Amino acid sequence: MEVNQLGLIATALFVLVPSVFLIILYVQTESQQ
Amino acid sequence: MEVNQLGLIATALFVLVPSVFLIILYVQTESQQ
Amino acid sequence: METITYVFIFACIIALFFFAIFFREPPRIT
Amino acid sequence: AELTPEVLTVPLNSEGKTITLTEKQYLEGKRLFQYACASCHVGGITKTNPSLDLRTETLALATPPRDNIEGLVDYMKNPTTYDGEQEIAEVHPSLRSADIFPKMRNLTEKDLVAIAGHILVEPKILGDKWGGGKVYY
Amino acid sequence: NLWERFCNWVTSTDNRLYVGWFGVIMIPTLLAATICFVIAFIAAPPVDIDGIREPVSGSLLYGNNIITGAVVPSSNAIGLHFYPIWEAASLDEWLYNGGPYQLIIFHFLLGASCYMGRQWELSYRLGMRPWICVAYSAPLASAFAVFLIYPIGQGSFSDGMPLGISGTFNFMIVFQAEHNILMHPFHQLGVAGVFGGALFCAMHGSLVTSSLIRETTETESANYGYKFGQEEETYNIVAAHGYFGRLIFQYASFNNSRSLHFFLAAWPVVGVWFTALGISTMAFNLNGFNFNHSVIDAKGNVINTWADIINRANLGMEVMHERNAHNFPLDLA
Amino acid sequence: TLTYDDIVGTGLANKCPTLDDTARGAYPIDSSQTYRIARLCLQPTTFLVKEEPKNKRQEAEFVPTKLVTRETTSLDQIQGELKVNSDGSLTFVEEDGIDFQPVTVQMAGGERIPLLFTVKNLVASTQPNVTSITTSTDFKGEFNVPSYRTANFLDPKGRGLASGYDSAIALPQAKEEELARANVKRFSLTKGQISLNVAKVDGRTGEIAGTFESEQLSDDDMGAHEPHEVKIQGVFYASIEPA
Amino acid sequence: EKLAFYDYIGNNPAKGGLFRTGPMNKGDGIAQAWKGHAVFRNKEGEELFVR
Amino acid sequence: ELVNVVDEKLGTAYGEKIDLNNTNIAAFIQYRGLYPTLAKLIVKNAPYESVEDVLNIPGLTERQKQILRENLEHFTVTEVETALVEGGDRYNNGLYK
Amino acid sequence: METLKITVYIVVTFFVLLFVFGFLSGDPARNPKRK
Amino acid sequence: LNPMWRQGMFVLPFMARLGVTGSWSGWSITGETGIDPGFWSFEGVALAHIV
Ligand code: CLA
Ligand code: CLA
Ligand code: CLA
Ligand code: CLA
Ligand SMILES: CC(C)=CCC/C(C)=C/CC/C(C)=C/CC/C(C)=C/CC/C(C)=C\CC/C(C)=C/CC/C(C)=C/CC/C(C)=C\CC/C(C)=C\CC1=CC(=O)C(C)=C(C)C1=O
Ligand SMILES: CCCCCCCCCCCCCCCC(=O)OC[C@H](CO[C@@H]1O[C@H](CS(=O)(=O)O)[C@@H](O)[C@H](O)[C@H]1O)OC(=O)CCCCCCCCCCCCCCC
Ligand SMILES: CCCCCCCCCCCCCCCC(=O)OC[C@H](COP(=O)(O)OC[C@@H](O)CO)OC(=O)CCCCCCCCCCCCCCC
Ligand SMILES: CCCCCCCCCCCCO[C@@H]1O[C@H](CO)[C@@H](O[C@H]2O[C@H](CO)[C@@H](O)[C@H](O)[C@H]2O)[C@H](O)[C@H]1O
Ligand SMILES: CCCCCCCCCCCCO[C@@H]1O[C@H](CO)[C@@H](O[C@H]2O[C@H](CO)[C@@H](O)[C@H](O)[C@H]2O)[C@H](O)[C@H]1O
Ligand code: OEX
Ligand SMILES: [Ca+2]
Ligand SMILES: [Cl-]
Ligand SMILES: [Cl-]
């Protein structure tokens, strides 16, 4: 199947950039007490 | 140039996964007191 | 595509130089 | 392998007569070759004209033949071109141009014989290295 | 007085980065060299380095990666001629003939010399002893050897080291072909300098780390056992000396920290001084040792050594380098 | 009478000699005396490259370019026989001289056009009934343009014509049909046309000067790509001696 | 040729897609030449017009 | 279609003997009495329709004509290859020892 | 090019004069211990 | 037949709209030659924005 190659990195970035953002916030919430 | 396609995403992951890992460990360090 | 990647990594290194020089942990003399 | 008298046996004239050099004569010929010729004839090649060289086959096809002691001594006294049509003493060292080539001034007949003997013995020792250039280094 | 205020600001030790008068020269030259290097490394058109109308592409946009990219040295037709932008009829001509290389290397060499002067200047303003600039003179001498002295001796800035990774490797290989630098004693002293510098760096680091005084618990990093500006020594010099003196023998070990740190400064600096001098002396074609056909048997046959194998490799490099640039049998420069 | 030290570094060595403004005479030509060009100089001032339109039929006009190889462009010291034909036309046949210069010109968009600006083996004749060379004499002629690189030139992958590899050695198992255009170097000899228009004559010293326009092809990279048509315009100077 | 190129629905901006990415040349190719106006006729010879 | 003309020339008699129209002048060293005078005359007066037209070089002497007659069997004539004779390669083809 | 040459000459002359006259402006005094 | 809007150029038409036509490499989007853009070519505008 002749798919857009950039789609893969796009999908990865679409997963990774916001998810780790949430992870960052969550982890720094857990170390606050 | 006729470069390897996965060489994009690999490079991105090579930056992204360790860097954000360090960023996570940095930010949760700063929120500790 | 590969040129953009090289220039992006180089620019990130230069930005890191800026933050490591001007926004470092201050050496607090004890 | 040793420097036997069979190694040091070289043609004297074009007729077929041969001479046998002593090891002292061969070593003096090597020293005088390094003194007066090697700056342009190192390894049997010619630096300023690489199409000619000091290989025995090349000297044999020269006019007159230079693959014997007498021909080489005559060349050292009166050098010519490869076909023997013009004298080149004004640009090649010789006894007759020792005033413009000062290193040829004190060369005796024995020195010329020793140099010629070194030129004739060196291919027999070195194989294709003599006159071969950098391919055979 | 405006001049007095400017002099006070220039020599002020309260600036985050010290300027000084050497920095007054250093900042514009290094900024110019850096900006022109970044622009040329990304976007310069191909450069006819050998002067034979055979342009070599070194920028990223013309088909290079980080490894193969370079700022190509100026044309062999230029030679040692000064080639600023205003000497060219247009920017296209200046880019074709490798003008960016001359701009970058001249600004860089001036800025790095002023960097050495600036190191002295700040050491003087802080009440320090002044010889850090002397240690920095070794890499600076190396840069001068590969960018200026070797082009001067060879007669062209085309023979300077290219500003790139693969261009550097090309410089090394052609240099070994033409000068046999591996057999040069000054390069051997340089290898002893850098190998010994790495060895003594690892040695000093491991010996100090080995003798750190216990100030922390097992969970935390040992680096928190040192506080910045503390008066006591953070490690036991006597324990490290006892270890290293039992490792070899007592009199091969420094018990004096000042002598040890002087040795740490002196060994790689002197070694790199010698290898930079090796590059300069080979710029005037005083080459490394030539042992080709040195070993001869009783008859007269050549007995090869490892030097003859090195000579075969050098011959391969020599006959392949700059494959269209030579018209005559001897590569005289 | 300028010495070499008065000329070096200035750029005057690339300039053809000029004739004086008050010199529009006629140089007589006897039909029995043989003549020679003792010095023919050609100083180009403008390089025009024919653009390649995408469509098959268009204007296809010459566009200006930027010289990037500096003052290395003039042909000089050219000698030849100037013979008188039976029709009265004067024919110049060159024999030797600095009759070629490699020249690279840059088109708009950064593309570089290498060419061998040459008059090699030029044969150039006039119209019939020329008994005196005047400011109306024209020399129309043809010359050979050999390959920009000769047969010993090695490409960046070590391939060439009289020397080098005959294949792409860094792709040992690639298909060789697609790379046959780059693997097999070809030597090209094309033809060029030049018109020399006489504008100033010195009947005493035999010197003539004027303008030239020549058409030739550019470098083809030993047959890798198609050449571009180049028109070269400039000034010329020729010294005519009686042989 | 420019005027004829304007009269072509591949240059209509209302012919693309939301996830059809890239230039217009990525779609139908890079235009090289106008092939000329096509006139369709039947066997009688009457001119025919494409809708 | 795309052929290397030098290898094709090696397929002809150029690869076995001295071609009077194409061969570099240094090859005339490999026969007695040709280099440099007769070789210079031969290379100067090329092209030749046949081998025996080398005897009709202007200014030849009787001795040089006899020398050429003794080396007539070592010569061939082929069509002038442009790549072999352009750039002055018949006098200096870039090959030394 | 001529304007660029004059501009570069002016800039270089300015910075070099700054260097020279700055090191003439009592530099040995500007040290923390003596004078 | 291959203008800027066929090539996915998004910011090139805005620079061209307000008067930036030339490039430092000699071409013009108007298709003519000879024109000297000065500093304010497309590259000059991009460089000014980066600075
Ligand atoms: C610290 C400032 C500084 C210095 C020292 C230099 C130095 C240089 N630039 Mg430069 N440059 C600078 C800032 C500087 N640049 C800035 C800010 C820009 C951006 C506008 C540029 C843009 C630029 C371009 C575009 C080019 C240069 C070039 C050059 C070189 C030759 C210039 C020349 O011919 O001047 C000659 C002028 C003088 C010598 C001035 C004479 C005045 C005094 C009396 C000096 C006397 C000389 C004598 C040895 C004494 C020296 C001082 C002594 C105390 C040690 C030289 C390496 C050119 C280059 O690299 O060519 C390859 C070139 O093309 N520069
Ligand atoms: C295991 C094998 C080995 C080893 C250990 C070495 C070791 C060395 N070789 Mg060597 N070499 C080898 C094999 C080896 N070689 C072989 C096989 C060949 C033949 C192909 C060569 C050919 C060769 C050549 C031709 C040269 C060397 C040189 C050197 C020296 C380089 C280090 C140096 O000069 O630093 C000194 C420091 C520098 C060179 C850097 C200068 C830094 C400047 C002053 C500042 C830079 C600032 C920068 C731009 C910005 C920083 C970024 C950021 C902080 C902002 C070193 C002694 C070089 C030499 O002798 O140096 C002169 C040299 O020219 N070698
Ligand atoms: C088997 C391992 C081995 C050994 C023993 C050596 C040894 C040496 N190498 Mg070598 N080398 C090696 C592997 C090795 N190399 C490898 C794998 C490479 C890469 C392929 C190289 C590449 C290399 C280059 C490129 C060069 C050397 C050079 C040298 C010499 C000086 C290096 C130096 O100061 O090092 C740093 C180490 C020290 C400063 C510590 C001191 C070490 C000294 C030599 C030992 C003294 C011990 C003493 C004699 C024993 C008795 C003592 C007792 C009486 C108390 C030295 C003889 C240089 C050379 O040829 O010099 C002539 C040189 O140019 N080496
Ligand atoms: C105003 C914004 C804008 C516009 C109109 C354009 C227009 C254009 N760009 Mg461009 N670009 C922009 C901003 C813009 N750009 C920015 C900010 C960047 C930097 C990242 C770029 C980087 C860029 C590159 C690198 C390229 C273009 C190209 C192009 C051309 C092709 C368009 C294309 O393929 O789109 C594709 C568009 C889409 C597939 C639509 C995306 C829809 C998103 C993903 C929906 C998201 C849904 C959301 C997640 C839902 C959340 C729900 C939640 C709230 C609950 C076109 C002229 C290309 C070209 O031809 O240039 C020569 C090209 O190569 N652009
Ligand atoms: C069957 C048998 C025989 C059985 C064996 C049993 C037996 C009883 C045998 C014993 C008898 C015997 C020894 C046998 C003889 C055999 C013998 C002679 C073996 C040969 C050994 C051999 C091959 C070589 C060993 C010698 C050798 C390795 C010498 C190298 C010397 C060397 C270069 C040392 C210099 C080191 C030095 C000066 C530099 C280090 C500088 C530095 C960075 C560190 C110093 C330092 C750093 C710190 O940062 C701190 C802080 C402190 C303080 C400090 O100092
Ligand atoms: C491509 C062409 C276009 C190129 C564009 C270049 C334009 C340059 C514009 C510069 C504008 C100012 C920005 C810098 C501010 C700053 O640095 O803050 C830090 C302080 C701020 O001023 C200090 O701080 C105070 C000022 S303030 O109150 O903080 O505002 C003040 O009290 C103090 O006296 C003063 O010293 O600056 C200093 O410490 C002293 C000056 C040192 C700056 C030198 C620049 C670095 C040169 C390195 C060369 C090699 C680099 C290679 C890359 C690795
Ligand atoms: C947990 C260790 C992991 C090491 C992995 C790499 C090993 C490299 C080969 C051996 C080198 C030997 C040198 C060690 C030297 C040595 O003795 O180390 C020992 C040291 C621990 O020693 P101490 O307990 O004394 O701690 C020292 C502290 O006081 C610091 O001063 O280990 C480390 O901290 C190293 C951590 C790894 C450092 C490298 C990280 C690798 C990252 C690479 C990029 C990853 C990208 C992923 C993409 C998906
Ligand atoms: C660390 C990550 C930093 C960010 C990196 C990503 C930024 C955006 C990159 C856009 C690149 C342009 O878009 C992408 O270009 C490459 C060429 O470069 C195209 O690739 C195409 O061209 C190449 C030649 O170059 C062909 O060999 C290949 O078969 C073909 O697919 C892609 O089809 C297109 O999707
Ligand atoms: C190309 C340049 C070379 C040619 C020009 C130089 C030739 C040599 C002439 C000597 C001139 C030196 O003149 C020098 O000037 C400065 C600036 O006014 C003087 O004045 C300076 O004094 C003190 C330091 O003592 C500073 O705090 C003060 O702000 C400053 O004005 C110096 O005391 C004087 O010594
Ligand atoms: O340029 Mn760079 O390297 Ca010094 O040698 Mn000659 O020149 Mn080229 O050859 Mn080898
Ligand atoms: Ca006229
Ligand atoms: Cl090379
Ligand atoms: Cl040469």
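Reckoned from all heavy atoms, side chains included, excluding hydrogens, waters and symmetry mates. The sequence lines fix the lettering, A, B, ..., with proteins before strands; numbering per chain opens at 1.
With a 4.5 angstrom heavy-atom cutoff, E:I66 touches chain C via backbone and side-chain atoms both. Contact annotation for E:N65: both backbone and side-chain heavy atoms come within less than 4.5 Å of a heavy atom of chain C. For chain E, no part of C:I9 is nearby; none of its heavy atoms comes within less than 4.5 Å.
Between the side chain of E:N97 and the backbone N or O of E:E93, at least one donor-acceptor pair lies under 3.5 Å.
The aromatic ring centroids of C:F10 and C:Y6 lie 6.0 Å or more from each other. Aromatic ring centres of E:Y101 and E:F157 lie farther apart than the 6.0 Å criterion allows.
A donor-acceptor pair shorter than 3.5 Å can be found between the side chains of E:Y18 and E:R125.
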